[PDB]
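Visitor: Please find the sequence and an experimentally derived structure below.
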Amino acid sequence: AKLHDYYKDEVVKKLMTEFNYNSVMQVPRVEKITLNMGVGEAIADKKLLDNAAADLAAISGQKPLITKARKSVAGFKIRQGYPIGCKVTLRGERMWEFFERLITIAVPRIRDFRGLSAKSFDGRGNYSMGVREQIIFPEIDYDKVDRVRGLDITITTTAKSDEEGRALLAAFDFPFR
Amino acid sequence: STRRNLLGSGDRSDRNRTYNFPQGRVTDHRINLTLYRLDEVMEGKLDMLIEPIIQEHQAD
Amino acid sequence: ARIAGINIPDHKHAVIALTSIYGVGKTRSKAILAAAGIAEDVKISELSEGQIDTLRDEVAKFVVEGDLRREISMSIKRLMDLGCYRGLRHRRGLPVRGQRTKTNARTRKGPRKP
Amino acid sequence: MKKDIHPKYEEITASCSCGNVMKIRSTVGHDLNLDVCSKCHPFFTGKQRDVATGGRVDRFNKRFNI
Amino acid sequence: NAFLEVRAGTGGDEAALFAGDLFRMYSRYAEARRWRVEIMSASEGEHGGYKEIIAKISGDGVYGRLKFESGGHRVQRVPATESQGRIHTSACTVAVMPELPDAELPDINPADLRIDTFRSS
Amino acid sequence: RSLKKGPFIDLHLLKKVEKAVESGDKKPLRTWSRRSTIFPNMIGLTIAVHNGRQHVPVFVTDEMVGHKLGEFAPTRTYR
RNA sequence: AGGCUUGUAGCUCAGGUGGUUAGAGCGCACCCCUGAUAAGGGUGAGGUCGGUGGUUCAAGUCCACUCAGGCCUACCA
RNA sequence: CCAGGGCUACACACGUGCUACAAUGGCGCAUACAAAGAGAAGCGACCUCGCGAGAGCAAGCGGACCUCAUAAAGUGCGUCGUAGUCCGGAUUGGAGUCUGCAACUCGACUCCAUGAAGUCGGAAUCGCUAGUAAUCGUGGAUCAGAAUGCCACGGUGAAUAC
RNA sequence: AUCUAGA
RNA sequence: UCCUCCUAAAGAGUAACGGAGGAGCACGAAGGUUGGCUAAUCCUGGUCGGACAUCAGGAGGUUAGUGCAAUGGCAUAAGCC
């Protein structure tokens, strides 16, 4: 929210000075964020994904979709249509607020922290990182839960290539070692 | 036909060596070698055993 | 109560609770509670945040949970790259400090499998 | 969003010991205590100290002294 | 390559236990010069060692290095199965047969075959 | 862990290093000294330390300074 | 020649019908009993399921294709 | 005769031990109660310094006097509440200290971090009838240093034999 | 159940 | 007995102890209607996660799917919800 209101004035201008766009709508703007959590171990413990989706409902804002096996594989004992990973594609106001709550209280609480990498770009302008635990989010007690469960945030931006998207996030003082 | 000729009668009449542990001595009957080794024979190291036999086999 | 990584005790006295941080055992904890000035048999349940702020910077003096793993691993990985005696012992998992290796050494050399 | 399937999104107030308050919206419950944040954290001094650790000859010089 | 084959002779328990210790001797010799040794068959003894142990040794000129070991080998020692502690004399016998590979056993050449077709009875 | 007063060397090694200062580079300098530490001025040299039967030549580097010479010459040769 | 039926641990066999998981006796390795061996007692490893290719989410199994073994038939002239 | 290495190597097996698995216990403080020994190119107070191994000057004593030498289990008071833990201490990283010409292969000991295997152990199996078994500490020889071994000493102190 | 063969 | 292809000679039909394969069912919804949607397989980045689980983007354009044999079809979709 507040760094959306920092976006619309100083990050738009902050990139209009840099990559000298003759238009304004050529500036990147972050489309959405898709928190995945591919729990996998619903094949053996069926009631695991109840709490594994209930975690994303409290980390993010809203209620998660629980997704299914596309084509069935015998490498992992899943039949097609089996609930194997829960996701939330949050966007709008809640994506600015989850991203704002990401770089403020969630990134610096990572244990044995190096700084987020910069090679986690797909060659398109989309940043995708993975987090190990839950407890970089304050909504988890560390005492109420019992599982080593973690997710992997996927930041989707409308930049053309990732030379541009690294500038878009690094204009939000995103860590980038 | 050949194995019977090479594998001897089995009995102790000396047939092509001894291995004398109380004296410590080894005697190959041909090229009447008198090596006193028996720890330098019982882990390989029969280089000195075989080598004068191949010399006195390339003698003919 | 989140100093240097995690630190979650439960009704445990404070010097025993601060051992949980990698990089401080019993002594260095009494150096914390000596310097930062907390009584020893208080609990981190009782220990409020206006006390903890004197400890989140006090354990931060000596190298703790985070940076000490790459300190230690940096020294080990140094020794392997030297190609000295001891790095030639760290490559293999044989005891560095000159122990018996004929009979003992199942700590360094793993379980008695083969 | 939809109604009566989503959890609450109460705007709560944050607090670290550093002195950096930014109130924010989540489902933590009542209050937010912190110790580090986007500031007051070694993102810029802890990413400086982990690099420089080598150097051995001046160690040997710290034992002769003459 | 060669077939090293140690049969135990006189002293059927003790020289079985000693043919174990000639097989370990050339076993220790073939490992020195880096030759492959492989126990193709081994009739074990009663108290250790073997009554016969035929083991193919391959390598680099195995036969010319080891063709001289065929024959007996008389063994003077105090045995292992000796409760009175006196010397007993035994013998092991070794053979060394060379590699001698295979060629096609029939030449099914029908120009050698006189085909005689006659009436059945 | 050793000898708090005086990092230890031998004169037949040390003066050989002193002459190896002005000699430029050399072939490996046949020394049997293992009980000596490596002074920092030996960097660039290639002295060969006796392991017991052969002299292994080892290049003194900035990492390998306070250690002794016999660190870098493994005696027993396993599998 | 076809027709029917084997092939699974080092050996002898189940497991195959019934598609998702490999077992038994003996042998073998290790430790006890014993003066020492056998017997015995305790502990353990050991398989890509004859090689080849399809179907299937997955082949030891199901269908072809063979390869090595076995039985039966091969008659009227 | 000499220098370096080795007898300390490590896919494993066997023998004897030491430490444990804990709450009749661990830790912190205060405190009590011995025997037997050794000591001069030795034992070494006292006092100071060092977190600690120890370092500086150094009194005494070839000793019933001087030195190692604070005996520990014990008792009192807290504390931890059954957790692989305030159990256990391997293993490792760093800095040390002593002796010795010399501590890399390969010494012992301290401090700080480390904190693994281990929850009484299969078939079998050994010692032990009383100050014994068990447990607790101490001393000597060998020796520059270097014992969990050996040789000795005392503390507490059983159940059992039809 | 057995314990070969050199006083 | 029945279905599909080839033989079958560009309508239909057409034999052989000719070459290849399936059926003796399934489904109260896998039927109807309205509304919505578009694959397979690779590459890049990503928590354990792996060549092969879920995510995001890109390439590709039916190489997918069609309850089951093959042919014919099928995006207006007959495939998916």
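Guide: It's in. Residues are numbered from 1 along each chain as shown, chains lettered A, B, ... in the order given.
Visitor: Quick check: the residue nearest in space to the middle of chain A vs residue A:5, distance?
Guide: Taking CA atoms, centre = their mean as the criterion, residue A:153 is the residue nearest the geometric centre of chain A, at 2.1 Å. In this view, residue A:153 and residue A:5 are 22 Å apart by CB to CB, to the nearest Å. C-beta coordinates here come from the backbone N, C-alpha and C atoms, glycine included.
Visitor: Show me where the chain has its strands.
Guide: Looking at chain A here, since you left the chain open. Per DSSP state E, chain A carries strands over the ranges A:30-37, A:65-68, A:83-91, A:126-128, A:154-157.
Visitor: could you do chain F instead?
Guide: Under DSSP E, chain F gives strands at F:30-31, F:48-50, F:55-57.
Visitor: what about the first one and RNA strand H, touching?
Guide: No - Strand F:30-31 lies out of reach of RNA strand H by CB under 7 Å from any atom of the strand, never closer than 9.2 Å.
Visitor: List the neighbouring strands of that strand plus their orientation.
Guide: Sheet partners assigned to strand F:30-31 using DSSP bridges are listed as strand F:48-50 (parallel).
Visitor: contacts for the strand it pairs with?
Guide: F:28-34, F:55-58, F:69-70, F:72-73 (CB atoms under 8 Å, 6 or more residues apart in numbering or on different chains).
Visitor: and what of stretch A:108-122?
Guide: Contacts for stretch A:108-122 (CB under 8 Å, 6+ apart): A:107, A:127-129, A:131-133, A:135-136, A:162, A:165-166, A:174-177, C:2, C:5-6, C:65-66, C:69, D:36-38, D:41, D:43, D:46-47, D:50.
Visitor: how about a cut-off of 7 Å?
Guide: A:107, A:127-129, A:136, A:162, A:165-166, A:174-177, C:5, C:66, C:69, D:36-38, D:41, D:43, D:47 (CB atoms under 7 Å, 6 or more residues apart in numbering or on different chains).
Visitor: What of stretch F:51-70?
Guide: C:78, C:82, C:84, D:56-57, D:59-60, F:28, F:30, F:33-38, F:40, F:42-43, F:45-46, F:48-49, F:72-75.
Visitor: In PyMOL, select just the buried ones from those.
Guide: This is the PyMOL syntax for the buried subset of these, where burial follows 16 or more other CB atoms under 10 Å in any protein chain shown:
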select buried, (chain C and resi 82+84) or (chain D and resi 56+57+60) or (chain F and resi 33+34+36+37+38+40+42+45+48+49+72+73)
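Visitor: Helices - which of the contacts of stretch F:51-70 land there?
Guide: Residues of these located in helices (DSSP state H): C:78, C:82, D:57, D:59, D:60.
Visitor: And the second one, how close does it get to RNA strand J?
Guide: Distance of residue C:82 to RNA strand J, given as CB to the nearest atom of the strand, to the nearest Å: 30 Å.
Visitor: In contact with that residue, which residues?
Guide: F:63, F:64 are the contacts of residue C:82 under CB under 7 Å, 6+ apart.
Visitor: tally of neighbours for the residue of chain B found nearest RNA strand J?
Guide: Nearest residue of chain B to RNA strand J, counting by CB to the nearest atom of the strand: residue B:44, 46.0 Å away. Neighbour count of residue B:44, defined by other CB atoms under 10 Å in any protein chain shown: 17.
Visitor: tell me the SS of residue E:74?
Guide: strand (DSSP: H, G, I helix; E, B strand; the rest coil).
Visitor: which stretches of chain D form strands?
Guide: D:11-12, D:24-25.
Visitor: Neighbours of the closest residue to RNA strand H within chain F, how many?
Guide: In chain F, the residue that lies nearest RNA strand H is residue F:70 (2.1 Å; CB to the nearest atom of the strand). Neighbourhood size, residue F:70 [other CB under 10 Å]: 17.
Visitor: Which stretches in chain E count as strands?
Guide: Using DSSP E, strands in chain E cover E:2-8, E:36-44, E:50-58, E:71-77, E:88-98.
Visitor: strand partners of the longest one, parallel vs antiparallel please.
Guide: Under the criterion DSSP bridges, strand E:88-98 sits next to strand E:2-8 (antiparallel), strand E:71-77 (antiparallel) in its sheet.
Visitor: Dump those strands to CSV, plus distance to residue D:12 and mean neighbour count.
Guide: Below are those laid out as CSV (distance: least, CB to CB, whole Å; neighbours: other CB atoms under 10 Å in any protein chain shown):
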stretch, distance to residue D:12, mean neighbour count
strand E:2-8, 85, 24
strand E:71-77, 91, 22
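Visitor: Include distance to residue E:48 when you put these into a markdown table, please.
Guide: Shown next, in a markdown table, are the strands paired with strand E:88-98 (distance: least, CB to CB, whole Å):
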| stretch | distance to residue E:48 |
| --- | --- |
| strand E:2-8 | 11 |
| strand E:71-77 | 14 |
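Visitor: Redo these as a markdown table? Include distance to RNA strand J.
Guide: Shown next, in a markdown table, are the strands paired with strand E:88-98 (distance: least, CB to the nearest atom of the strand, whole Å):
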| stretch | distance to RNA strand J |
| --- | --- |
| strand E:2-8 | 43 |
| strand E:71-77 | 55 |
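Visitor: Looking at those strands, spot the one closest to RNA strand G.
Guide: Closest among these, using CB to the nearest atom of the strand: strand E:2-8, at 15.9 Å.
Visitor: Neighbours of residue D:25, how many?
Guide: So residue D:25, with other CB under 10 Å, has 18 neighbours.
Visitor: now residue C:60
Guide: By other CB under 10 Å, neighbour count at residue C:60 equals 14.
Visitor: ok, and the closest non-adjacent residue to it?
Guide: Counting by CB to CB, 6 or more residues apart in numbering or on different chains, residue C:60 lies nearest to residue C:4, which is 6.9 Å off, once chain neighbours are set aside.
Visitor: The one you found touches residue C:67, doesn't it?
Guide: No - the pair residue C:4 / residue C:67 is not scored as a contact, 9.7 Å apart, by CB atoms under 7 Å.
Visitor: In terms of packing, which of the two has more residues around it?
Guide: residue C:4 (24 against 18).
Visitor: residues in contact with the more buried one?
Guide: C:21, C:59, C:60, C:64, C:65, C:66.
Visitor: Could you check how far the residue of chain B found nearest chain C is from chain D?
Guide: Residue nearest to chain C within chain B: residue B:43 (19.4 Å; CB to the nearest CB). Relative to chain D, residue B:43 is positioned 45 Å away (CB to the nearest CB, to the nearest Å).
Visitor: Enumerate every residue touching that residue.
Guide: residue E:28.
Visitor: Mind doing that once more with 10 Å?
Guide: Residues counted as contacts of residue B:43 (CB atoms under 10 Å, 6 or more residues apart in numbering or on different chains) are E:24, E:25, E:27, E:28, E:29, E:31, E:32.
Visitor: Next, the contact list for the nearest residue to the second one once chain neighbours are set aside, please.
Guide: The reference is to residue E:25. Nearest residue to residue E:25 in three dimensions, chain neighbours excluded: residue B:42, at 6.0 Å (CB to CB, 6+ apart). By CB under 10 Å, 6+ apart, the contact set of residue B:42 is B:19, B:21, B:26, E:21, E:22, E:24, E:25, E:28.
Visitor: where does the closest residue to the third one other than its chain neighbours fall, phi/psi-wise?
Guide: Of all residues not flanking residue B:26 in the chain, residue B:35 sits nearest, at 4.8 Å (CB to CB, 6+ apart). Backbone torsions for residue B:35, taken as degrees, to the nearest 10, come to phi -70, psi 130.
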